[PDB]
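Structure at a glance
Letter by letter, the chains look like this.
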Amino acid sequence: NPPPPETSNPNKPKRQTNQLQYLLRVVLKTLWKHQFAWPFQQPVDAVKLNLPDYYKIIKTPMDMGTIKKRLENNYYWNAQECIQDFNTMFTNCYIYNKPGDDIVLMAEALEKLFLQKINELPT
Ligand SMILES: CCOc1c(OC)ccc2c1Oc1c(OC)ccc3c1C(=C2)N(C)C3=O
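Residues numbered from 1 in each chain as written, not as in the entry; some residues may be left out. Heavy atoms only, no water.

By the naming in the PDB entry, the chain goes by Bromodomain-containing protein 4 and is assigned to Homo sapiens. The deposited PDB record carries the title "Crystal structure of BRD4 bromodomain 1 (BD1) in complex with 4-ethoxy-5,16-dimethoxy-11-methyl-2-oxa-11-azatetracyclo[8.6.1.03,8.013,17]heptadeca-1(17),3,5,7,9,13,15-heptaen-12-one".

**A short note on the state of the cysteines**
Throughout this description, disulfide means a covalent bond between two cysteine sulfur atoms. What the rule picks out here adds up to zero disulfides. Of the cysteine sulfurs around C82, a residue in no disulfide, the closest is that of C93, at 18 Å. What makes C82 buried here is its relative accessible area of 0%. We classify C93 as buried; its relative accessible area is 6%. (Disulfide = S-S within 2.5 Å. Buried < 20%, exposed > 50% of the residue type's maximum accessible area, 1.4 Å probe, protein only.)

**Quick look at the packing of helix α1 (residues 18-31) against helix α6 (residues 102-118)**
Interhelical geometry of α1 versus α6 gives an angle of 155 degrees and a closest axis separation of 10 Å. Our classification of the angle between α1 and α6 gives roughly antiparallel. Considering the relative orientation of α1 and α6, their crossing is right-handed. Between α1, through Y22, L23, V27, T30 and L31, and α6, the contact on the second element is made entirely by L110, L113, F114, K117 and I118. Taken together, the residues that form the contact of α1 with α6 break down as eight nonpolar, one polar and one charged. (Axes fitted to C-alpha atoms, helices over the stretch in contact; angles between N-to-C directions. Helix = DSSP H or I, 4+ residues; strand = E, 2+ residues; numbered from the N terminus. Parallel < 35°, antiparallel > 145°, perpendicular 65-115°, else oblique. Left-handed = near helix turned anticlockwise from the far one by under 90°. Contact = heavy atoms within 4.5 Å. Nonpolar A, V, L, I, M, F, W, Y, C, P; charged D, E, K, R; others polar.)

Here's what the structure looks like:
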């Protein structure tokens, strides 16, 4: 396993916005409770899951546990930076797998719910 993505970085500037607060309180914390959220709640453990190929394929890993910690740390500058991490998480799953796979059906459902929730953000 590679080290997981950073959740703090002292030389990166922090920020808190209404949209970032919403991304934690509403978007992440609601998606977290979905029946399909469990594979996406922590970094992929390639040793545990017996996927020695995972990090040979996926070079920018991302997961909701990392995103949650970043939001709690005020790690992001703006909501778009956080949204990009969600999009990276979804696209990694499409890249690593193939259409119709159970894990892909899970990501597809979560992506739709994510888009529903971010369609309208606070001002
Ligand atoms: C059966 C293992 O389930 C787990 C799980 O278990 C604690 C924890 C994380 C994952 C996971 O499953 C899979 C797969 O399973 C065959 C196949 C592909 C992917 C994942 C996955 C998340 N991601 C992100 C994938 O791209």
